[PDB]
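With the deposited numbering applied, the sequence shown corresponds to residues 5 to 30, 36 to 116, 121 to 172, 185 to 351, in that order.
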Amino acid sequence: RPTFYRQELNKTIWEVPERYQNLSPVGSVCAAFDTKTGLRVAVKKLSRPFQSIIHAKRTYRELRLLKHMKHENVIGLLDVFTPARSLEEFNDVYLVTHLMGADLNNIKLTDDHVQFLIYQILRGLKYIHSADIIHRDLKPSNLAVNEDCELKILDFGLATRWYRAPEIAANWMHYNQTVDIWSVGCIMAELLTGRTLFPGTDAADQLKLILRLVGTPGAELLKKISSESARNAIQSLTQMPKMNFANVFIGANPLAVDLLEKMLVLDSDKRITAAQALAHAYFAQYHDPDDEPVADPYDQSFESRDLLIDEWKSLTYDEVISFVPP
Ligand SMILES: CCCCCCCCO[C@@H]1O[C@H](CO)[C@@H](O)[C@H](O)[C@H]1O
Ligand SMILES: CCCCCCCCO[C@@H]1O[C@H](CO)[C@@H](O)[C@H](O)[C@H]1O
Numbered sequence: 005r006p007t008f009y010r011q012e013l014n015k016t017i018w019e020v021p022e023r024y025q026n027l028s029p030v036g037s038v039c040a041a042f043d044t045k046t047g048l049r050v051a052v053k054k055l056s057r058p059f060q061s062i063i064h065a066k067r068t069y070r071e072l073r074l075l076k077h078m079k080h081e082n083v084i085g086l087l088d089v090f091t092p093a094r095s096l097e098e099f100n101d102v103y104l105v106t107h108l109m110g111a112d113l114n115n116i121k122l123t124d125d126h127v128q129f130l131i132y133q134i135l136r137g138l139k140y141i142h143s144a145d146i147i148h149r150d151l152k153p154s155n156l157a158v159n160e161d162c163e164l165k166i167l168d169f170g171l172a185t186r187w188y189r190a191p192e193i194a195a196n197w198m199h200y201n202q203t204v205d206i207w208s209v210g211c212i213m214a215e216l217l218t219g220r221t222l223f224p225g226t227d228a229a230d231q232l233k234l235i236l237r238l239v240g241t242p243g244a245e246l247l248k249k250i251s252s253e254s255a256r257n258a259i260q261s262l263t264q265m266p267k268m269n270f271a272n273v274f275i276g277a278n279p280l281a282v283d284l285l286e287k288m289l290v291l292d293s294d295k296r297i298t299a300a301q302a303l304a305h306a307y308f309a310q311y312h313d314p315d316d317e318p319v320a321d322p323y324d325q326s327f328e329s330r331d332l333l334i335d336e337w338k339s340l341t342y343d344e345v346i347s348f349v350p351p
């Protein structure tokens, strides 16, 4: 067991191994310097991790997910620790990740640079989707970059509905992984134009802006709508055609416009997948089909289980104890 030290910050007493130095507020998160690896890190102290069944299952879910993620373009876990010497004492969980400089909200980009950023998102997304994980909330604030434009997908703001797929915003009961490809389309459009593609002021406005670009749903899509009231609402909309994307993204690389046309499709079954998108000619200078890895199988069967707090806590403790650093 390493040597721990205690200090007060954020009106809580953080107790961490001495390897982690100069903690400064940025659960809650402190930036730190790890003397063992020499890395700048983010240390997240989970808030009330076992206060209820719901908190405890969320704590387990977060740790399990971070432990699985092992890809250059996805945030991974550098360390997980607790001051507790036993299950009986186990009340606090701290997660350590790479400290990222900035997010994509912070950063006109050149076409070469827009290719590089979107390539990396899709490379990461290929990996996440291969594990049968759906992100659901991809947006510029969940995309971290360093000075060298190297990008990682974050689970949460750091470890707005402008970027959400329309089926999520409309409460669909079933989801494609391609909800995330919609989000990538929105992000790419914004990197091209400098402005938010669909800056809806509320859910009605958001949907109006979307349909203005992509057109109202066609008969092929209406065939797959089980909700009677949904179909009726959709067909009572004033009808409108798909816009020509070239006339929206004036001066963009034609290959960028083509890829956007393939991402920003209302019918999720007709959207390009992350794997397919990596092979699109827009990324020719970056694409390497032998260096776009996939993930080990990820067991989410726990999501279907209903357990007691102590049970979720013991499972989380097991995952802390079994952690092996990268
Ligand atoms: C007018 C606004 C309505 C939004 C329509 C969103 C349609 C999304 O597309 C739908 O996604 C589903 C879930 O992945 C699939 O089961 C359907 O087959 C597919 O057509
Ligand atoms: C004018 C706005 C039209 C949006 C329709 C919103 C209602 C969508 O309702 C959803 O429809 C899905 C498709 O059948 C179902 O999977 C979901 O269970 C249902 O919640």
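Note that the Cβ used here is the ideal one computed from N, Cα and C, for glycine as well.
(request) Buried or exposed for residue 219, please, with buried defined as at least 16 other CB atoms from any protein chain shown within 10 angstroms of its CB. (result) exposed
(request) Report all residues for which the CB-ligand distance to some heavy atom of ligand 2 is below 7 Å; order them along the chain. (result) 195, 196, 197, 198, 199, 232, 250, 251, 252, 254, 255, 258, 259, 262
(message) Starting from residue 187, trace the alpha helix (DSSP H) in both directions and tell me its first and last residue.
(response) No alpha helix (DSSP H) holds residue 187; DSSP gives it neither H nor E.
(request) With hydrogens ignored, establish whether the beta-carbon of residue 293 is closer than 7 Å to any heavy atom of ligand 1. (result) yes
(message) Quick check on DSSP: helix, strand or coil for residue 162?
(response) coil
(request) Determine the extent of the alpha helix (DSSP H) in which residue 337 is found, giving its start and end residues. (result) 334-347
(request) May I have a chain-ordered list of the beta strand (DSSP E) segments no shorter than 3 residues that lie completely inside the segment 53-96? (result) 88-90
(message) If contacts are defined as beta-carbon pairs under 8 Å, then residue 212 and residue 149 qualify, I think. What distance do you get, rounded to the angstrom?
(response) About 14 Å; that fails the 8 Å criterion.
(message) When you measure from the CB of residue 29 to every non-hydrogen atom of ligand 1, does any distance come out below 7 Å?
(response) no
(message) Here's a check: name, in chain order, each residue in its chain whose Cβ is nearer than 8 Å to the Cβ of residue 101, leaving out the five neighbours to either side.
(response) 19, 54, 55, 58, 91, 92, 93
(message) Give me the DSSP bridge partner(s) of residue 11.
(response) 18
(message) With a threshold of 8 Å, are at least 3 pairs of Cβ atoms found where one atom belongs to the segment 150-167 and the other to the segment 79-86?
(response) yes
(request) Report the rounded CA-to-CA distance for residue 140 versus residue 317, giving the unit in angstroms. (result) 8 Å
(message) Tell me the rounded alpha-carbon separation between residue 39 and residue 204.
(response) 32 Å
(request) Would you kindly report the start and end of the unbroken beta strand (DSSP E) that includes residue 29? (result) 24-29
(request) Taking 8 Å as the threshold, find out whether the segment 276-283 comes into contact with the segment 257-267 through three or more Cβ pairs. (result) no
(request) Can you grab the Cα-Cα spacing for the pair residue 289 / residue 65, in whole Å? (result) 37 Å
(message) Given this structure, state the Cα-to-Cα distance separating residue 268 from residue 110, to the nearest angstrom.
(response) 37 Å
(message) Taking 8 Å as the threshold (C-beta atoms), are residue 14 and residue 28 in contact?
(response) no
(message) By DSSP's criteria, residue 49 is part of a beta bridge. Which residues make up the other side?
(response) 42
(message) For the alpha helix (DSSP H) containing residue 106, name the first residue and the last one.
(response) From DSSP, residue 106 is part of no alpha helix (DSSP H) but of the beta strand (DSSP E) over 103-107.
(message) By alpha-carbon positions, which one of 61, 11, 75 ends up nearest to residue 344?
(response) 75
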